[PDB]
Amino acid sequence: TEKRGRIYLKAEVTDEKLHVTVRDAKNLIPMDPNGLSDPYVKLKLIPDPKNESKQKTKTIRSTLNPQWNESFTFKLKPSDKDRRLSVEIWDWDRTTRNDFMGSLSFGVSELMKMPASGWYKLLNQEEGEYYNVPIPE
């Protein structure tokens, strides 16, 4: 909800597993010639040097206010204490590289001391890997 729009999420750590719900997003930035985008969300635990934690929602065509309503589960291990949940919205493009739309992240430990829930401001790509900005109201 500021330049790159906002996203509604839920994420809690229930003994063993991290549960994430990606509800919807609003006011996303136009990344297509038609003035829209084809948004999908990529969920990842970072760092992910082996590149194995990737999960993704379906792609919704031609919209800036997608409603995915999809949930995901990551098995956690003691090694994940220092990892973060990365949430990135991307714009599916058929004839070129997919465009970045907005992102954010949560510390696994952070989520364990308080599950995330509600609206969050979409951040730039690099910075999105470092923090999140909740939007109460």
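Quick note: we count residues from 1 along the sequence shown, nothing fancier.
Enquirer: Would 85-93 or 29-37 have the larger average of its C-alpha temperature factors, as given in the entry?
Expert: Comparing 85-93 with 29-37, the higher average CA B-factor belongs to 29-37.
Enquirer: Relative to the other modelled residues in the chain, which third contains the C-alpha temperature factor of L76: lowest, middle or highest?
Expert: For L76, whose C-alpha B-factor we compare with every modelled residue in the chain, the answer is the middle third.
Enquirer: Pull the Cα B-factor of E127 out of the PDB entry and bin it into the chain's lowest, middle or highest third.
Expert: It falls in the middle third of the chain.
Enquirer: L111: which third of its chain by C-alpha temperature factor?
Expert: As the PDB entry reports it, the C-alpha B-factor of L111 lands in the highest third of its chain.
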